[PDB]
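These notes concern the structure reproduced below.
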2 protein chains.
Amino acid sequence: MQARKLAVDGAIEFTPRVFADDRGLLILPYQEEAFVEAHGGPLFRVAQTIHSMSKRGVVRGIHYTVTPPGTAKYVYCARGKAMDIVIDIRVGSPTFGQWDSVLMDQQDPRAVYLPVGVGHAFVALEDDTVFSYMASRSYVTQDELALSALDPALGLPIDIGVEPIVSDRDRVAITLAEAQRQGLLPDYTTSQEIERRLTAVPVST
Amino acid sequence: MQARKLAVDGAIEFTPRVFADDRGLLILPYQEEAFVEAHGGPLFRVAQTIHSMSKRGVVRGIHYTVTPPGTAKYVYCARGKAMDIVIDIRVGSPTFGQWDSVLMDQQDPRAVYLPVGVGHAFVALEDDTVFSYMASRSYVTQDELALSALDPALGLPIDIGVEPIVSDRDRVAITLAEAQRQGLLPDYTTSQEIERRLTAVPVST
């Protein structure tokens, strides 16, 4: 397993090996040793998992969780192809306003660690594109917020030639800039504090 | 989410709802509230995840982990169709020697909790059949052991009309009965003790 610290502070791309034989395929998308060495502590406790499949041209995001409580996530692309995007929406962050992209696909599969307080978006490049998540918190539509993924100030790499396929909620999302004005965005310090508590190393005999 | 306690003591089948819209599909295969209510405690901490894809007619198993240390698992079928099988190999168990099957498929997806000390096997009924696991322990070929899934004393539902597609290791696996003779099988009491420590409820303020 290879790990690559992304430009968005604390975000990480992991590249598992694909082991192939006569029976099919085996991948180990999350691996404790590689993760602890990259991040400094183990994965959060898993409160919920998500299986999401999208059609070609679907754009989902930018999604984030009111912080506190916040959510940290670990996502891998289990089928199809996507441009995955971490957006740093944590006010105070050294990389605030920065985004990073990971090409997710079945030939060179990738997993992404998303810190507490960051936004997540992606575009599906193929039908039957599947994102598989572990999350540190169960989903409350409540605390779950959206920002405009098509926002021109952002220039996210989300256009693939065809009309984006988007939920009404994601389509009408306020901008990053508007959310900051209104004080709706995660704070970087708070986010970090929660994240360190979530991914605390177990300390035993 | 629905939960169904299986005949193999402590094993559980969970039935998530499939939410479908214009964009594709969403499923929440592991959910803390449903799991704690069925099992009595939360999922183990996640040490590793597994993405496995199989061709039609592939039989994998019966696999188990030397106990101690043991491994507990949570598996959902993310693509295709399978007959999934929990085998109770814990000597002392009230359901020792019993197996249970879950039909895994994309139309009515299912997740299975596998306790510490139980064996796991399945047959893929379609090409591109994907099993997605969280496990309480990272994989050591070491502590990872196999029993004969085609064993006639077992009568597992693993034949689909065509020659089974099997690893050399799984093909040459000793029987359940032979493993017991040799003292290679998990102990039920020990398994339970480990399981309770793994899935201990967090107790905070």
Side-chain angles (χ1 to χ4, degrees), chain A residues 19 21-28, chain B residues 6-8 10-13 48-67 70-78 80-91 93 95-105 110-126 129-137 139-160 162-180 184-186 191:
Chain A
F19 303 97
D21 65 10
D22 284 343
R23 293 165 314 152
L25 158 164
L26 187 178
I27 307 156
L28 284 346
Chain B
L6 293 184
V8 168
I12 321 175
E13 180 205 77
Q48 188 172 83
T49 55
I50 319 300
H51 178 104
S52 149
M53 177 172 269
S54 303
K55 303 163 155 165
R56 184 188 195 267
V58 168
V59 181
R60 304 188 184 256
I62 302 165
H63 299 134
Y64 70 103
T65 299
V66 191
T67 306
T71 309
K73 292 164 182 188
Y74 194 92
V75 61
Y76 85 101
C77 167
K81 189 185 252 169
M83 189 61 77
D84 200 46
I85 305 170
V86 218
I87 312 91
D88 200 340
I89 60 171
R90 303 165 292 188
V91 172
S93 174
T95 59
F96 177 74
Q98 295 195 208
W99 58 265
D100 291 314
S101 59
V102 171
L103 186 67
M104 302 275 220
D105 98 342
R110 265 131 209 190
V112 179
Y113 175 66
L114 311 160
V116 179
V118 306
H120 182 228
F122 64 94
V123 57
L125 307 171
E126 286 187 2
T129 290
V130 177
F131 270 42
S132 178
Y133 306 70
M134 301 184 275
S136 68
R137 159 158 287 263
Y139 191 96
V140 197
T141 76
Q142 221 80 354
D143 314 310
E144 200 85 354
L145 305 190
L147 304 165
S148 186
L150 283 44
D151 181 14
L154 285 176
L156 303 185
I158 43 77
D159 189 272
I160 70 158
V162 80
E163 202 73 52
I165 306 165
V166 177
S167 62
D168 306 307
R169 189 172 148 272
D170 287 355
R171 174 185 49 91
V172 305
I174 62 169
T175 58
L176 178 60
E178 191 43 39
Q180 183 172 18
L184 301 171
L185 290 185
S191 291

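Note on naming: letters A, B, ... go to the chains in the order of the sequence lines (proteins, then strands), and numbering restarts at 1 for each one. No hydrogens, no waters, no symmetry mates; every other heavy atom, side chains included, goes into these values.
- Residue B:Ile12 holds its CD1 atom at 10.5 Å from CG of B:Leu114, rounded to the nearest 0.5 Å.
- Looking at B:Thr65 and B:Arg137, their side chains never bring a donor and an acceptor atom within 3.5 Å of each other.
- With hydrogens and angles disregarded, a donor-acceptor distance shorter than 3.5 Å links the side chain of B:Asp100 to the backbone of B:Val8.
- Residues A:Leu25 and B:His51 form a side-chain contact, since some pair of their non-hydrogen atoms from C-beta on lies under 4.5 Å apart.
- Looking only at side-chain heavy atoms (C-beta outward), B:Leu103 and B:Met83 come within less than 4.5 Å of each other.
- Under the 3.5 Å distance criterion, the side-chain polar atoms of B:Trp99 are left unmatched by any main-chain donor or acceptor of B:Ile85.
- Side chains of B:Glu178 and B:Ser148 form no contact here, defined as non-hydrogen atoms less than 4.5 Å apart.
- Nearest approach of B:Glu144 to B:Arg169, heavy atoms of both residues: O-NH2, 3.2 Å.
- In this structure, the separation between CZ on B:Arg110 and CG on B:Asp105 is 7.5 Å, given to the nearest 0.5 Å.
- Atom CD1 of B:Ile50 sits about 8.0 Å away from atom OH of B:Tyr133, to the nearest 0.5 Å.
- Looking at every heavy atom in both residues, B:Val75 comes nearest to B:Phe131 through CG2-CD2, 3.4 Å.
- The nearest pair of heavy atoms linking B:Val59 to B:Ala149 is CG1-CB, 4.1 Å.
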Item to complete: Evaluate side-chain contact (heavy atoms from CB on, under 4.5 Å) for B:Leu147 paired with B:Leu154, printing each intermediate quantity in order.
Response: CA-CA 11 Å; B:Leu147 304 165; B:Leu154 285 176; 6.0 Å; no
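- When every heavy atom of B:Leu185 is checked against every heavy atom of B:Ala179, the shortest pair comes out as CD2-CB, 3.6 Å.
- Counting heavy-atom neighbours within 6.0 Å of A:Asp22 CG, excluding the residue itself, gives a total of 12 or less.
- Looking only at side-chain heavy atoms (C-beta outward), A:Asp21 and A:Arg23 come within less than 4.5 Å of each other.
- Using modelled atom types, one side-chain atom of B:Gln48 and one backbone atom of B:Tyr139 make a donor-acceptor pair closer than 3.5 Å.
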Enumerate donor-acceptor pairs with a distance under 3.5 Å from any side-chain N or O in residues 116-126 of chain B to protein atoms, sequence neighbours excluded.
residue  : atom : partner : partner atom : Å
B:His120 : NE2  : B:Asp84 : OD1          : 2.5
B:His120 : NE2  : B:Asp84 : OD2          : 3.4

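- In this structure, the side chains of B:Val66 and B:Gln142 stay at 4.5 Å or more apart for every pair of heavy atoms.
- Taking 4.5 Å as the limit, every side-chain heavy atom of B:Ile62 sits out of range of all side-chain heavy atoms of B:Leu176.
- In this structure the side chain of B:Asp170 reaches within 4.5 angstrom of the side chain of B:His63, judged on heavy atoms.
- Between B:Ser132 and B:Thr49 the shortest side-chain heavy-atom distance does not fall below 4.5 Å.
- Formation of a donor-acceptor pair under 3.5 Å by the B:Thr71 side chain with backbone atoms of B:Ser136 is not found in this model.
- Contact between B:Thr129 and B:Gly80 at its shortest, heavy atoms only, is OG1-CA, 3.5 Å.
- Checked by atom type and distance alone, the side chain of B:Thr67 never pairs as donor or acceptor with a backbone atom of B:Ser191 at under 3.5 Å.
- B:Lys73 NZ to B:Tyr64 OH: the interatomic distance, rounded to the nearest 0.5 Å, is 12.0 Å.
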